[PDB]
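Enquirer: Listed in order, the protein sequences are those of chains V and U.
Under the UniProt record's numbering, the first residue of the first sequence is numbered 164, with each subsequent residue one higher.
Under the UniProt record's numbering, the first residue of the second sequence is numbered 179, with each subsequent residue one higher.
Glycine residues also receive a C-beta, built at the ideal position from the N, C-alpha and C atoms.
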Amino acid sequence: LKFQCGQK
Amino acid sequence: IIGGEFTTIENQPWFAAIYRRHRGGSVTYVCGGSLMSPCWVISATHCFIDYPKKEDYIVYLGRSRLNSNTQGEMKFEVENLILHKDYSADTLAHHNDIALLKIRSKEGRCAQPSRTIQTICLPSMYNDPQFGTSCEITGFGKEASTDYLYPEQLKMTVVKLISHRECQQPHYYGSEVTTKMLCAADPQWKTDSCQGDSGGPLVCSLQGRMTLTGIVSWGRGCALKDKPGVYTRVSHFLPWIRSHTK
Ligand SMILES: NC(=[NH2+])c1ccc2[nH]c(-c3cccc(OC4CCCC4)c3[O-])nc2c1
Numbered sequence: 164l165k166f167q168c169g170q171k
Numbered sequence: 179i180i181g182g183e184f185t186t187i188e189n190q191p192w193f194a195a196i197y198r199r200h201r202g203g204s205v206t207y208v209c210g211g212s213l214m215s216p217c218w219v220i221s222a223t224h225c226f227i228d229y230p231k232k233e234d235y236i237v238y239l240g241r242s243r244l245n246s247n248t249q250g251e252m253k254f255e256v257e258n259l260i261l262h263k264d265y266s267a268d269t270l271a272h273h274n275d276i277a278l279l280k281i282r283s284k285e286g287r288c289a290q291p292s293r294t295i296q297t298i299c300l301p302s303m304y305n306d307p308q309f310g311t312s313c314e315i316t317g318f319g320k321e322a323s324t325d326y327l328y329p330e331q332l333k334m335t336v337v338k339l340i341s342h343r344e345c346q347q348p349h350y351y352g353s354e355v356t357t358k359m360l361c362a363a364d365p366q367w368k369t370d371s372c373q374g375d376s377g378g379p380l381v382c383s384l385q386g387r388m389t390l391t392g393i394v395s396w397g398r399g400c401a402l403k404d405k406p407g408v409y410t411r412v413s414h415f416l417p418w419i420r421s422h423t424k
């Protein structure tokens, strides 16, 4: 959806 | 990477593969990098130093293999290439080995989030994990220091951060290592980063997030005893990063 830095 | 396992980009969705084009038709791999925000990738200045012609590099996001394509990959041109003023190399170390590439796709866009494209987090000003933390490094570099080719599948391995006191020991790197670098090794010197891994990330968990703690920079040999890999200490470059990613 949008970026969530750090998430796989 | 010496050791490690083979992985897919879904396990490192912020890893970027940077290539250089040649007149003749080949495009070759240069270095790894990580996505920090939709339009910015961070890598290492020594990867661009001998050929600072931004129009000859290609950056790919979502790539699990080196020369064949992955479904979901995105291709970009380097719109801005910011190298570090005060970058120096000596017989082993590179100082201020950090660089920023602003990417643009042929349609004028930046990266888009997918299951194979995600940003990695930055640390907070000068804040690092403690030595001992296991961090993971990833990339397409050599599997043995004697290889002359790079693997075609992405690799990853786990290494632990060691202390400056341990790395600055005379029989390790002495003073070649400074407060702006981090050293990480495998307890049993079995896995490490090697040539072809420069510019890719060292990721550790800081306050709950997977953060880009270091950039693969240099090391003597690969996985040699008392020869840790050295990484650019990103927590000490946050001012510089901000200055250009505002
Ligand atoms: N032992 C290590 N931890 C290590 C890590 C990354 C390295 N990168 C290199 C390296 C060696 C020769 C040339 C390089 O980059 C040039 C190729 C293309 C751009 C500059 C390297 O990054 N040695 C490396 C050693």
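Please confirm whether U/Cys217 has its beta-carbon closer than 9 Å to some beta-carbon of chain V.
Expert: Residue mapping note: residue 217 of chain U aligns to position 39 of the second sequence, counting from 1. Closer than 9 Å: no.
Enquirer: So what does DSSP say about U/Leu416, is it helix, strand or coil?
Expert: Counted from its first residue, the second sequence places residue 416 of chain U at position 238. Here U/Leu416 sits in helix by DSSP.
Enquirer: Assuming U/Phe226 contacts U/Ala277 under a Cβ cut-off of 8 Å, what Cβ separation, rounded to an integer in Å, is found between them?
Expert: Walking along the second sequence from the start, residue 226 of chain U turns up at place 48. Walking along the second sequence from the start, residue 277 of chain U turns up at place 99. That belief holds up - the Cβ atoms of U/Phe226 and U/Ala277 are roughly 6 Å apart, short of 8 Å.
Enquirer: Can you give me the C-alpha to C-alpha distance between U/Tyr229 and U/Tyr265, rounded to a whole angstrom?
Expert: Indexing the second sequence from 1 puts residue 229 of chain U at position 51. Indexing the second sequence from 1 puts residue 265 of chain U at position 87. Computed Cα separation, rounded: 15 Å.
Enquirer: In terms of residues, what are the limits of the beta strand (DSSP E) holding U/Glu354?
Expert: Taking the second sequence and counting its residues from 1, the one referred to as residue 354 of chain U is at position 176. Neither: U/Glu354 is in no beta strand (DSSP E) and is coded neither H nor E.
Enquirer: Using the beta-carbon count (16 or more within 10 Å), is U/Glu330 buried or exposed?
Expert: By 1-based counting over the second sequence, the position of residue 330 of chain U is 152. Looking at its Cβ environment, which holds fewer than 16 other Cβ atoms inside 10 Å, U/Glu330 is exposed.
Enquirer: Chain V partners of U/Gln296, CB-CB under 9 Å?
Expert: Position 118 of the second sequence, counted from the start, is the residue given in the question as residue 296 of chain U. Per Cβ cutoff of 9 Å: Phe166, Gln167, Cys168, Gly169, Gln170, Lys171.
Enquirer: Against U/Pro379, what residues of chain V qualify as contacts under a CB-to-CB distance less than 8 Å, listed in chain order?
Expert: For the purposes of this step, residue 379 of chain U is taken as the residue at position 201 of the second sequence. The premise fails here: U/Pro379 is roughly 12 Å from chain V at the closest Cβ pair, so nothing lies under 8 Å.
Enquirer: So is the beta-carbon of U/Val219 under 8 Å away from any non-hydrogen atom of ligand 1?
Expert: Counting from 1 along the second sequence, the entry for residue 219 of chain U is found at position 41. It does not: the Cβ of U/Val219 is nowhere closer than 8 Å to a heavy atom of ligand 1.
Enquirer: Considering only C-alpha positions, which residue in the set U/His262, U/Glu285, U/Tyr235 is nearest to U/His200?
Expert: As a first step, residue 200 of chain U is located in the second sequence; it is residue number 22 there, counting from the start. If we check each option's Cα against that of U/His200, U/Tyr235 comes out closest.
Enquirer: Are the Cβ atoms of U/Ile180 and U/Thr391 separated by less than 9 Å?
Expert: Counting from 1 along the second sequence, the entry for residue 180 of chain U is found at position 2. Counting from 1 along the second sequence, the entry for residue 391 of chain U is found at position 213. Contact: no.
Enquirer: Buried or exposed: U/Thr206, going by 16 or more other Cβ atoms within 10 Å of its Cβ?
Expert: The count along the second sequence starts at 1 and reaches residue 206 of chain U at position 28. The residue in question, U/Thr206, is exposed, as its Cβ has fewer than 16 Cβ neighbours within 10 Å.
Enquirer: For U/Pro230, list the residues DSSP reports as bridge partners.
Expert: Residue 230 of chain U sits at position 52 when you count from the first residue of the second sequence. Answer by DSSP bridge pairing: none, since U/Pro230 is not bridged.
Enquirer: Between which two residues does the alpha helix (DSSP H) carrying U/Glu255 extend?
Expert: In the second sequence, counting from the first residue as 1, residue 255 of chain U sits at position 77. No alpha helix (DSSP H) contains U/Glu255, which is instead part of the beta strand (DSSP E) from 252–260.
Enquirer: For U/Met388, return the contacting residues in chain V, with the cut-off set at a CB-CB distance below 7 Å.
Expert: What you label residue 388 of chain U is simply residue 210 of the second sequence in a count that begins at 1. Neighbours of U/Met388 on chain V, chain order: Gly169.
Enquirer: Run the CB neighbour count on U/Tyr238, radius 10 Å, all protein chains shown included, and call it buried at 16 or more, exposed below.
Expert: The residue given as residue 238 of chain U occupies position 60 in the second sequence. Answer is buried; the Cβ neighbour count reaches 16.
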